[PDB]
Structures are given as structure tokens and as C-alpha cells.
Amino acid sequence: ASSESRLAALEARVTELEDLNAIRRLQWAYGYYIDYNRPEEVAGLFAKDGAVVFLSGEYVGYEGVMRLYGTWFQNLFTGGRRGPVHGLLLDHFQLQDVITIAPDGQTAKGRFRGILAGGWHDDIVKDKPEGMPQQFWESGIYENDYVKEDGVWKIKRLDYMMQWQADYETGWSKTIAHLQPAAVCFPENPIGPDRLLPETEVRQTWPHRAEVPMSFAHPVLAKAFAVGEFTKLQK
Amino acid sequence: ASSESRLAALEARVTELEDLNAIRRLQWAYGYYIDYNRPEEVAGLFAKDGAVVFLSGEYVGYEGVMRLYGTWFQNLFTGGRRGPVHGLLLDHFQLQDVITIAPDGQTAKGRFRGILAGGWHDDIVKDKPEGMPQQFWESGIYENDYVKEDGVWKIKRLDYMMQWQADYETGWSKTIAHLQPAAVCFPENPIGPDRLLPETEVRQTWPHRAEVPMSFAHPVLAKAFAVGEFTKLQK
Amino acid sequence: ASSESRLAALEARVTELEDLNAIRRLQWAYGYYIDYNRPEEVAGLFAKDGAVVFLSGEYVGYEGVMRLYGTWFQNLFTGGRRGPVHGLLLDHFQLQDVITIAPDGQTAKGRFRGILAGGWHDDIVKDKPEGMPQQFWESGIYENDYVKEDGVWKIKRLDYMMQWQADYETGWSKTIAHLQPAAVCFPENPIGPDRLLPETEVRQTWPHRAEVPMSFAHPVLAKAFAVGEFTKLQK
Ligand SMILES: Oc1ccc(/C=C/c2cc(O)cc(O)c2)cc1
Ligand SMILES: Oc1ccc(/C=C/c2cc(O)cc(O)c2)cc1
Ligand SMILES: Oc1ccc(/C=C/c2cc(O)cc(O)c2)cc1
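Residues numbered from 1 in each chain as written, not as in the entry; some residues may be left out. Chains lettered and ligands numbered in written order. Heavy atoms only, no water.

- The record lists X-ray crystallography as the method behind this PDB entry and 1.390 Å as its resolution.

A closer look at the overall build of chain A
- Along the backbone of chain A there are four helices and seven strands.
- Shown N-terminal to C-terminal, the secondary structure of chain A runs as helices and strands in the order α-α-β-β-α-β-β-β-β-β-α.
- Once the C-alpha set of chain A is aligned to its principal axes, its extents read approximately 70 × 55 × 35 Å.
- Taking contacts inside chain A between residues at least 6 apart in sequence as the whole, the part at least 24 apart equals 62%.
- Accessible surface computed for chain A: about 9400 Å², of which carbon and sulfur atoms make up 54%.
- Computed over 25 positive and 32 negative side-chain charges, the inter-centroid distance for chain A is 4 Å. (Helix = DSSP H or I, 4+ residues; strand = E, 2+ residues; numbered from the N terminus. Contact = heavy atoms within 4.5 Å. Areas by Shrake-Rupley, 256 points an atom, 1.4 Å probe, with all protein chains shown as cover. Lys, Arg positive; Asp, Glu negative; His and termini not counted. Charge placed at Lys NZ, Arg CZ, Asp CG, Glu CD.)

Some words on the environment of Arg203(B)
All names here are of chain B.
- Tracing the backbone shows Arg203 in the loop between β7 (195–196) and α4 (227–231).
- Taking relative accessible area as the criterion, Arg203 reaches 22% and is therefore assigned partly exposed.
- Each C-alpha atom of the pair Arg203 and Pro181 lies 6.4 Å from the other, and the pair is 22 residues apart in sequence.
- Not counting the four nearest positions on each side in its chain, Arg203 is found in contact with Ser56, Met161, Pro181, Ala210, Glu211, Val212 and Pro213. (Buried < 20%, exposed > 50% of the residue type's maximum accessible area, 1.4 Å probe, protein only.)

Regarding helix α3 (residues 61–78) of chain B
All names here are of chain B.
- At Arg67, α3 shows its largest kink, close to 35 degrees.
- Counting buried residues in α3 gives 15 out of 18 residues, a clear majority hidden from the surface.
- One or two positions beyond α3, positive phi appears at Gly79, with a value near 60 degrees. (Bend = angle between axes of the 7 residues up to and from the residue.)

Regarding the nonpolar core
- Residues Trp137(A), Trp137(B) and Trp137(C) are the most contacted members of the largest nonpolar core, which totals 169 residues.
- Among residues more than four places away in sequence, those in contact with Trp137(C) are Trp137(A), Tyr168(A), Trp137(B), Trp172(B), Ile115(C), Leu116(C), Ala117(C), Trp164(C), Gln165(C), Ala166(C) and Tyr168(C).
- Of all hydrophobic cores here, the second largest spans 12 residues; its members include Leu7(A), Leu10(B), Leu7(C) and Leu17(C). (Core = buried A, V, L, I, M, F, W, Y, C linked by side-chain atoms within 4.5 Å.)

What about the pairing of strand β6 (residues 152–167) of chain C?
Residue and element names in this part refer to chain C.
- Within β6, 12 of the 16 residues are buried, leaving the element largely enclosed by the surrounding structure.
- Pairing of strand β1 (residues 46–54) with β6 involves five bridges; the strand directions are parallel. Bridging across to β6, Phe54 finds its partner in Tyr160.
- As paired strands, strand β5 (residues 135–149) and β6 are joined by 12 bridges and run antiparallel to one another. Across the sheet, residue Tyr142 finds its bridge partner in β6, namely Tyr160.
- Following β5, the chain reverses through two residues before pairing antiparallel with β6; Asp150 in that reversal takes a positive phi of roughly 50 degrees. (Pairing = 2+ DSSP bridges.)

What about the interface of chain B and chain C?
- Contacts between the two partners involve 53 residues from chain B, matched on the other side by 62 residues from chain C.
- Taken over both partners, the interface formed by chain B and chain C buries close to 4900 Å², and the fraction arising from carbon and sulfur atoms is 59%.
- The largest contributions to the chain B side of the interface with chain C come from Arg6(B), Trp172(B) and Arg209(B), which together make up 15% of the buried area.
- Connecting chain B to chain C are seven salt bridges.
- For the salt bridge of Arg38(C) with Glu211(B), the shortest nitrogen-to-oxygen distance reads 2.9 Å.
- Seen at the junction of chain B and chain C, the total is 35 residue pairs in polar contact.
- Elements represented by at least two residues in the side of chain B that touches chain C include exactly α1 (3–34), β3 (88–101), β4 (107–120), β5 (135–149), β6 (152–167) and α4 of chain B.
- With nine residues, α1(B) is the largest single contributor of residues to the side of chain B that touches chain C.
- Each residue belonging to the side of chain B that touches chain C can be placed in one class, and the counts come to 30 nonpolar, 12 polar and 11 charged. (Buried area = accessible area lost by both parts, 1.4 Å probe. Salt bridge = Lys/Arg side-chain N within 4 Å of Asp/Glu carboxyl O. Polar contact = N/O pair within 3.5 Å; in protein donor to acceptor, adjacent residues only side chain to side chain. Nonpolar A, V, L, I, M, F, W, Y, C, P; charged D, E, K, R; others polar.)

Topic: the interface of chain B and chain A
- Contact residues are listed per partner, giving 62 residues for chain B and 53 residues for chain A.
- In total, about 4900 Å² of surface goes out of reach between chain B and chain A, with carbon and sulfur atoms giving 59% of it.
- Connecting chain B to chain A are seven salt bridges.
- Here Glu4(B) and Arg6(A) are joined by a salt bridge, their closest N and O atoms 2.5 Å apart.
- Counting across the interface, chain B meets chain A through 35 residue pairs in polar contact.
- Tallying contributions element by element places α1(B) first for the side of chain B that touches chain A, with 18 residues.

A word on the sheet that holds strand β5 (residues 135–149) of chain A
All names here are of chain A.
- Pairing is mixed across the open sheet formed by seven strands, whose spatial order is β3-β4-β5-β6-β1-β2-β7. Among the strands making up the open sheet, the edge pair consists of β3 (88–101) and β7 (195–196).
- Sheet topology places strand β1 (residues 46–54) next to strand β2 (residues 57–60); four bridges connect them, and they run antiparallel. If you follow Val52 over to β2, its bridge partner there is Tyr59.
- Across the sheet, helix α1 (residues 3–34) is in contact with β3, β4 (107–120), β5 and β6 (152–167); its angle to β3 comes to roughly 165 degrees. (Axes fitted to C-alpha atoms, helices over the stretch in contact; angles between N-to-C directions.)

Points about the site of ligand 2
All names here are of chain B.
- Taken together, the residues surrounding ligand 2 are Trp72, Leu76, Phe77, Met132, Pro133, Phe136, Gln165, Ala166, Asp167, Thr175 and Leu179.
- The side chain of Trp72 places a nitrogen or oxygen atom 3.4 Å from an oxygen atom of ligand 2.
- At 2.3 Å, a side-chain N or O of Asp167 approaches an oxygen atom of ligand 2.
- Starting from 420 Å² of accessible surface for ligand 2 in isolation, the protein chains cover 87%. (Near = heavy atom within 4 Å.)

Details of the relation of the copies chain B and chain C
- Of the two same-sequence chains, chain B is brought onto chain C (RMSD 0.0 Å, axial shift 0.0 Å) by a rotation of 120 degrees. Between the two chains, the operation in question is that of a three-fold axis.
- Of the interface residues in chain B, just 13% have counterparts in chain C that sit at the interface too, so the contact is made through distinct surfaces. (Least-squares fit on C-alpha atoms.)

Points about the packing of α1(A) against helix α1 (residues 3–34) of chain C
- Put simply, α1(A) and α1(C) touch, their axes get as near as 11 Å, and they point 30 degrees apart. By the angle between their axes, α1(A) is roughly parallel relative to α1(C). Crossing handedness for the pair α1(A) and α1(C): left-handed. Taking contact as the criterion, the partners of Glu4(A), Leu7(A), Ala8(A), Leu10(A), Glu11(A), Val14(A), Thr15(A), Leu17(A), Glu18(A), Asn21(A) and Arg24(A) in α1(A) are, on α1(C), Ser3(C), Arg6(C), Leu7(C), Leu10(C), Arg13(C), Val14(C), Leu17(C), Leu20(C) and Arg24(C).
- Among the residues forming the contact of α1(A) with α1(C), the class breakdown is 10 nonpolar, three polar and seven charged. (Parallel < 35°, antiparallel > 145°, perpendicular 65-115°, else oblique. Left-handed = near helix turned anticlockwise from the far one by under 90°.)

A look at the sheet that holds β1(C)
- Reading across the sheet, the seven strands line up as β3-β4-β5-β6-β1-β2-β7 (chain C) and stay open at both edges, with mixed pairing between neighbours. Since the sheet does not close on itself, it has two edges, and those belong to β3 (88–101) and β7 (195–196) of chain C, each with one partner.
- Contacting β3 and β4 (107–120) of chain C, α1(A) crosses the sheet at an angle of about 115 degrees to β3(C).
- Sitting on the sheet, α1(C) touches β3, β4, β5 and β6 of chain C, and the angle it makes with β3(C) is about 165 degrees.

Quick word on the environment of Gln163(C)
Residue and element names in this part refer to chain C.
- Structurally, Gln163 can be placed in strand β6.
- On a C-alpha basis, the gap between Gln163 and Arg113 in space is 9.8 Å, while along the polypeptide they are 50 residues apart.
- Not counting residues up to four positions away in its chain, the partners in contact with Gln163 are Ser139, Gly140, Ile141, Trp206, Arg209, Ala210 and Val212.
- Among the polar contacts listed, one links the side chain of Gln163 to the backbone oxygen of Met161, at a separation of 3.0 Å.
- Engagement of the side chain of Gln163 in a polar contact is seen with the side chain of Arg209, the distance being 3.1 Å.

The structure is reproduced here in C-alpha cells:
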């Protein structure tokens, strides 16, 4: 290839490596904001026509993102204060990024997950809502969408599918999630979604389980991967 | 240097950054497959002359990988069903990659680790084998080998060295691993390895401990690192 | 742009991607060393005029780093032996890197965090100091400084701000940290810091909380981010 072909090929390859970093950074930054109950910084990560999906409900735009992370999560955990605050733990450990940039470099998908250690210390337990566990673990999978807007990566769709909860004292095997897929929309429900997902995308919560399909192709076999050939070797 | 020297140097540097991403992606993808008890997708990540090492035993090729992840782990946790399934948690959180690409770019090593949250919900506990903990934590270190085959990175050797287990209710300090280094080979043992490791590589399990040497050089001092100079400053 | 402008721009972009990898590798390598109570390898990661900060106290140079990781942590957990050792767990799971390289490429900052699973098995509990929990969780945030010295990235300042502790049996909501911000300097205190932080940087420990400001700019809005505009949308 010519020097011009090689320079252009290197520019495209280096942009894709930068894109992957930038998308990972959005999720890791998102984590550090939500650990502090700081919904503004979270809302700022989104494209203006973006959305967040939580318990099979869509929260649209800056308004929806502030309703979920502010009106609901902040009022629940800190009584409507930017955190962190005395005795309140809400650590959403973020990991295991598998990001796929579209061929055109203008959109992307990414799989991630979180494990949360949460709760109210004995010092502040009188501030905990009746009905909330004092201390708990949660984990869920993210399958998110991203857009590159005027050369900046932003969150287009954050889709958090909670997978399991555990009361600290009892564990996942003895815990039922009280949170269930959304049934009531905003404004009837002041902390509810703009719209429910379609029935085919509605997920029941722990201990109910459903696959979250991979946004990534099989990294070795791509579309050549077929389950059945391998299954023949199992007993 | 000439434009040709600079282009070739940039091509090699950008390939090495892509190689590191690709190798990390194999381990993160491996994780998301094993969380769903999907052994086929796991087997597909391996070179055909690859192997997996588990409890000081080698399982060779697609056949061995399907025996460990299918005949053993899938039959144990889901009764031989592709997951996920109701009430069954098997989340192997993957992290802390330190990858070393060979100078020739055709092989690699990588250190990783996993922490597992596992168990049977009360809803399905009657499906749990007698003798298994209802709910547990495990963690282990991976020191893996990779090959670049026809321009695609694949797993050559996955070596998972379990380090500790904890019953959920009691913790690591009160838990003994029932799993011990392999003693019986397939086919006598229908879920056993093709071959045992050599005695010098056999690891006893928690609370027994043994170092897993680092596949990476000291990242600041490389071969110039010597323990004793520093030890002089400790009291 | 000319071929020369494009080559130089690509060299700078590829160096920045390599820099980010190298800085992440320091923290991940640091983790694997401290899990083995190997302070020498930790000390080797530091610039000679580097420091480590722990409980609002600065430990300067190789001498200080060996005092904290050797004289204190190694003597505490393994009785002054390089690990790992029978029945002693000290796994500092490292994750969630957000690294910012200075424009000149000669320094960097990075946010990270750790979650620790620690303790003495029943087999060795008679070796545990009176007053230590047999088994516990801890987590903290790192905001670190790095220098590129003769083309090698090194730790200039490791600042570990412990955020929460939990006795295994009781959880974070029922645990008070016994560790408090440093009050006594070395040499009066044989395991104490060279210097205390200034009062304005002193942190009280769990369940006391204080923000650890982000070393990174808002990744979408940068300095254009303002909290108040968004807060208007919350109820
Ligand atoms: O073990 C557990 C049992 C119940 C729960 C409830 C969680 C919860 C979390 C939210 O963010 C909002 C909310 O309204 C409820 C969590 C853990
Ligand atoms: O706390 C614990 C006590 C015992 C165990 C046993 C684990 C185990 C895990 C496997 O994948 C297969 C198996 O046959 C056994 C796990 C946790
Ligand atoms: O639940 C917990 C209660 C107390 C502690 C104390 C921790 C500790 C950790 C160190 O590295 C050194 C030390 O002198 C003390 C930890 C956990």
C-alpha cells in the first residue's frame, strides 16, 4: 500500500483504540458518580435524546435520568443530598467491559457489570426507609449504547438489568428482590419510567433469571460459531 | 528514521495495543460464558491443541474443555442445561489483567483473577447435590497462554488456580475446600483430567497456599529487580 | 497536513495509549505484590523521591514504602515473611481505572479502587494479633500520581483512602474502623508516617465519610459541566 493508504489505515486503527478507551471511561466515571449519589454528573454523560432503562422501564432524556438518579435513588439513600454522607455506603464496583464499536465509528455497544455493596450504618439507620435492608449486595449486567457526537462519546442508552440481590446477613440464596419490573409510568408514579418496555423485553427479578444476550460476537469463531457441534462432545 | 521505518514502527506498536485488547476480551468473554454454564462458547475460544488446567489436572482439546465445563460444571450446577436458569447464581467476576505479548507477536501470557458468587436459591435447593454449599464465594488466579492463529488470538492454555473458598454463612477463615488436586484421570474418572500435572506443579487447596509466580516482569525495574537490596530497609 | 505532521501526530497518539496501559499495569502489578505481602516489589514501583499516603500520613521514599508495607503490614499479617503463607488471605481486588496523562506526557494521575478480602484461617488464628478481626472486607479509593522517568512510568504518589471496613460476620453497617488518621510520626511511632497531612486533608474513617474529589474532568462536558442546571430537573 502507498504511504497515504498506510497513514489513513493507522489513523482509523488509532481512533478505534481511543474510542474503546473513551467508552470504558464513560462507564467507570458513571460508577464513581453514582457511588456519591451525584445525579447531575450522571445526566451530563448522556446524549440529549438518550435514555436509561431500569426494571424494564425507560426514563427519557436529562429529565428522565434526573428522575431516576435524583428523585428516586438520591432521595431514597441520602434524603436528597449530593454524597457521599456519613454512614451511607453505595459502592457500585464496575468491571468486565466488552465494547464493540460500529464499523463507521459513530456508534458503539458495550457489556459491563456492577457489584454493589450498600447500606445504612447503625449511626444513621433511623434515616433508612422502613422496608429497606440495612445492608445488602446487588449485581447486574449493563448492555449499553453509545453515540459519537461532534467527536465526543456519550451514553445513548444505559440499560441496567439487575440480576441478583442479597441481604448481607442471609445471602443471595435466601433473598427475594422486592423490586419488580415497572408496572406504573410517570406521572401517576412520580419515580416511574416514561414508558414500559415491550412484554418480550420485560425481566422478572431475582430469583427469576433470564439471559442478557451478548452484544459481542464470539471473539474467536464470530458468525461461524454453532452451539450444536460442540454439545456433541459433552456427557 | 525514514517514513518507511516510522510507518513500520507505528504498525507494530498499534498491532501490540490491539493484541492486548484482544487477549483481555478473550478472558472477559470467557467469564460471561461460564456465568451462563455455556461450555460450547468456552470450547470455541481455544486453539484445537489447547488445554485447560483445573485442580492440577490437564483437560486437552475441545473434548477436554467440553468434559470440564459440560460433563462436570454444567451437570453439577444446572443439571446439564445451558443457562442461566431460575434461582442459580454462578457469577465469576473477572478482573486485574496483566498481559505480556511475546516479542514476535505470535504468543502471549496473561495474569487474571476471578471472584465467584455462587449458589442455589431456596426455590431450587432440592436440585443441589448433597454435600454442596447452598451459597459460597470462591476466588482464583489465572496464568494463561495464548496463540495468534491466522491473525486471531485464541486460548492455548487456561490455567485456573483456585486460591480460596468461603461458605456464605461462615466465611473464608471457617471454610475448608472439599476440592483437592486431581488424583484420578479420565476415563476411570468420568470428569477427571487427561493427565495430572507433574508433582512439582501440584497445588493443595485452601487453606493451603502456594505462590502463583508472576508471568510479568517487574514493570519498573525488569530483570534489575533484586529483593534483598530493599529487604535491608524493613524492621 | 503533511506526511511528517501526520507521522508525528500518530507517534504522540500511540505513546498516549501506551502510557495509559503502563500506568494501569503499575496499579494491577502493585495489587498482585501486596496480596503476597511482598513489600520489596512494591517499593521498586516508586520513583526514589516518591511517597505513599495511608491514614492521612505520608511515608517518603523506598525507606517509607518499606516501613509501611514491610515493618507494618508484613509483620502484622505474616509475622515478617514474604507471602503467600498457609491460611492467610489478603486479596486486594483492583479495578475501575480512570487515568489522566498530562499534556506533556511526563506525568499522570489515576483514580482506582480496591476491595480486600482478608483474614486468618482457623488453622493459624493463634498467630492473629489480639484485637484484629479474624476475617473482614475493606474497600478504598486511590488517587495516585505518576512520573515518566527515562521513558519508564513509575509511582510518584500512591494515596490510598480507606472508605469502609466490615467484619465478615457482621457487615459494614455494624463495623467501626479501629484505624484512625495518623496522630504520631516516625520515629516515636515505629510504623508511623514521616509527616501528617495538613488538617484540611485529614480523613476520619468509616463510618465517617468524605468525598475523594475526581482527578478526571467530566468526560462529556469537561469544564462546561455545572451541577445547578441539572439539579433544577430533580424532585
Ligand atoms: O437484599 C436486598 C433486598 C432488597 C433490596 C431493595 C433494593 C432497592 C434498591 C434501590 O436502589 C431502590 C429501592 O427502592 C430498593 C436490596 C437488597
Ligand atoms: O464454600 C465452599 C465449599 C465447597 C465448595 C465446593 C465447590 C465445588 C465447585 C465446583 O465448581 C465443583 C464441585 O464439585 C465443587 C465451594 C464453596
Ligand atoms: O472489620 C475490620 C475491623 C478492623 C480492621 C482492622 C484493620 C487493620 C488493617 C491493617 O492493614 C492494619 C491494622 O493494624 C489494622 C479491619 C477490618
